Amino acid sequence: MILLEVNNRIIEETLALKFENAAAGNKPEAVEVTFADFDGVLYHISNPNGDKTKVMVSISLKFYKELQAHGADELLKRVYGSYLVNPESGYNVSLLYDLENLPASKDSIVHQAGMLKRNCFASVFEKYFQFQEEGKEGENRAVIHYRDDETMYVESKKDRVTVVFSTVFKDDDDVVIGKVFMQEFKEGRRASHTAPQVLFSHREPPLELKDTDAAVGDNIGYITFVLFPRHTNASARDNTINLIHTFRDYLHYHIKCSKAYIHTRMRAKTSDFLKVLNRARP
């Protein structure tokens, strides 16, 4: 697995099992599940008021208000329609499935439910893609604190939309490994001349943000993605979003798997060394 998956398996598999049983005609079993997703996301699937014929799926994001100021509510409503109900206390968005009133094809809803998180992030990107497509420049950028100490900046310009990530490398040595990966992103057009341009700035943020309360420090790194109309138009929009909103975690995921790969190399070499050593015995 190179690219991170977009959908949440716990959600889909939980709803599928319940839908499969409601269709078979079995008495509904109670469901109570708490789980998470990347970036501080907390979920809750349960039976509101103990009614086993109802299954609620709720998501909690510490930064939901910021996404709300950028069309999150409207977008979630277009997608989920009547499945979207008043948010369960402690969460920002709640989907309610009536096991007694399910659609003929329970497939697209199970799929859309699995993308609750992704759909919560969707609007901020759509809003700024639209700006670029309407030549509306000068619009204040979106500032999303997707993690306690990380920030994403979205901004629309005349011919391009930029997404900036201010990420942290808790592990000091993870910065060094990260730079190797960032260098490759930087020269990426050498393999896809049409793909987004990618910049990287070690301790300091891009100059446009040097006047804001942006973070500075040895374990901080800034990555900028420059998206073009071919990526922000109505035809590529969704794929572009599924990719871009996973980037941050994609970078860190690969930094870690890389360290796991080096471990296998170290086991093989240390192992070989032990044989030579033992081979020195009479």
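Numbering starts at 1 and runs along the sequence shown.
J.: Would you tell me which stretch averages the higher CA B-factor in the PDB entry, 233-241 or 36-44?
T.: According to the entry, 233-241 carries the higher average C-alpha B-factor.
J.: Averaging CA B factors per stretch from the PDB record, which one is higher: 144-152 or 201-209?
T.: Looking at the recorded C-alpha B-factors, 201-209 comes out higher on average.
J.: Which one of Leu274, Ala24, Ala16, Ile262 shows the top CA temperature factor in the record?
T.: Of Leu274, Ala24, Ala16, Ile262, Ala24 has the highest C-alpha B-factor.
J.: From the list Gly90, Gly135, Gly114, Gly71, select the residue with the highest C-alpha B factor recorded in the entry.
T.: Of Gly90, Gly135, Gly114, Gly71, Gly135 has the highest C-alpha B-factor.
J.: Taking the values exactly as deposited, rank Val6 by C-alpha B-factor within its chain and report the matching third: lowest, middle or highest.
T.: Within its chain, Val6 is a middle-third residue by C-alpha B-factor, going by the deposited values.
J.: Taking the values exactly as deposited, rank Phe169 by C-alpha B-factor within its chain and report the matching third: lowest, middle or highest.
T.: For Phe169, whose C-alpha B-factor we compare with every modelled residue in the chain, the answer is the middle third.
J.: Using only modelled residues of the chain, where does the Cα B factor of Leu95 rank: lowest third, middle third or highest third?
T.: Lowest third, going by the recorded CA B-factors of the chain.
J.: Sorting by Cα B-factor within the chain, modelled residues only, which third would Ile223 end up in: lowest, middle or highest?
T.: According to the entry, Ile223 has a C-alpha B-factor in the chain's middle third.
J.: Please place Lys158 in the lowest, middle or highest third of its chain according to the CA B-factor in the PDB entry.
T.: Highest third - that is where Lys158 ends up once the chain's C-alpha B-factors are sorted.
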